[PDB]
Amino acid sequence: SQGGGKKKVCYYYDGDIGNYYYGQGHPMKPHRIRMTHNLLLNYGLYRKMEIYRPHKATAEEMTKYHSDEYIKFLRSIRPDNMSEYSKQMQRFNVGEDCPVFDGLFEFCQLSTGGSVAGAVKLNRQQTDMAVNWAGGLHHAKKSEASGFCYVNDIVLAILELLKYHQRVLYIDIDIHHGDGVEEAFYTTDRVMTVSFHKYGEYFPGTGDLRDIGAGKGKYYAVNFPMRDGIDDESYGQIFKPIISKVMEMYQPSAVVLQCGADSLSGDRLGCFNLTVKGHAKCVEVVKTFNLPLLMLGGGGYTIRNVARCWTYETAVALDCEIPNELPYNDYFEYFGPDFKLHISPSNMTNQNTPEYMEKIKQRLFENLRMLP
């Protein structure tokens, strides 16, 4: 072995995922997963990967991390009985940012099922990469919802990988800080969480540079705080060196990569200035280390760019070059007025000076030096 060759990819998708509706005006649109799937099908990428339909993760599988009281609430709460659970809705942070909608628990089952099934497929060594764009809900806590996330599929999928992998690496390129995954593994060295995010008057308000873990997990939590308007060049200058240094020091046997698309330029909620190529550059950098890799979705609220980003990142995982001309698809009008696969960055100012990026990286290398 030398670390190369085309990798086998297992892809998880349920045709019913695009019908769940968060409500009028809510930016989280599960329809973006159906757009992504339909776009890569018209590109012909189904011929290069195995497409699986995930099972519905049971309440028992979810209670491997979440509390019984919180999961039982998710099975019970519905739009027709919210009045009876008005106290429990506030206790579990459900009702506003994470609303109640029809099929809420089923949506959590499908999103979680794809992640845990991918981790099982990786544990059994039946694939090199597993893709679940419905996953990556990195904000969900043990006993409460947060940031549109109800069940933390990442934590459950990593707990599955820990059955056969001594050390697991979690990388989070969502524009928001992966607080839920970091909190779950904050006091253990068996999981290292690396999050790149915007910090400063931004959800969820965590992810400071000085948050490095606690207890046996000290120096096993990495956070790169960023400012508005970071572009592909500045992002690529720090991602590859930091990920390379993490691989050298931590040496994981399995990697989980949350590919939140809300760090792209023009996102409805994000304020970064990344393109699809700059975003997908993170995928092929993690891919070069030739470790079992679980690719998950997450943020992304300009859904036409979300479909672009995750389609191209699927082709990157397949090492398949696809043309910039978008083929016809069931949502062709969503991609106007250009109908191109790749996007161009805006003219917004990059408040991340090159010296700032170099200073934060230098202080992170100091923390990585404290590993055995």
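The first residue of the shown sequence is 1; numbering continues from there.
The PDB entry records a higher mean C-alpha B factor for 92-100 than for its counterpart among 92-100 and 226-234. Comparing 169-177 with 81-89, the higher mean C-alpha B-factor in the PDB entry belongs to 81-89. Taking the PDB entry at face value, the top CA B factor among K29, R34, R308, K48 belongs to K48.
The residue among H138, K72, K240, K121 whose C-alpha atom has the highest B-factor in the PDB entry is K72. In the deposited entry, the Cα temperature factor of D211 sits in the middle third of values across the chain's modelled residues. For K287, the recorded CA B-factor ranks within the highest third of the chain. Only modelled residues enter the ranking. Remark: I17 belongs to the lowest third of its chain, ranked by C-alpha B-factor as recorded. Among the modelled residues of its chain, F335 has a C-alpha B-factor that falls in the highest third, as given in the PDB entry. The PDB entry assigns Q251 a C-alpha temperature factor belonging to the highest third of its chain's modelled residues.
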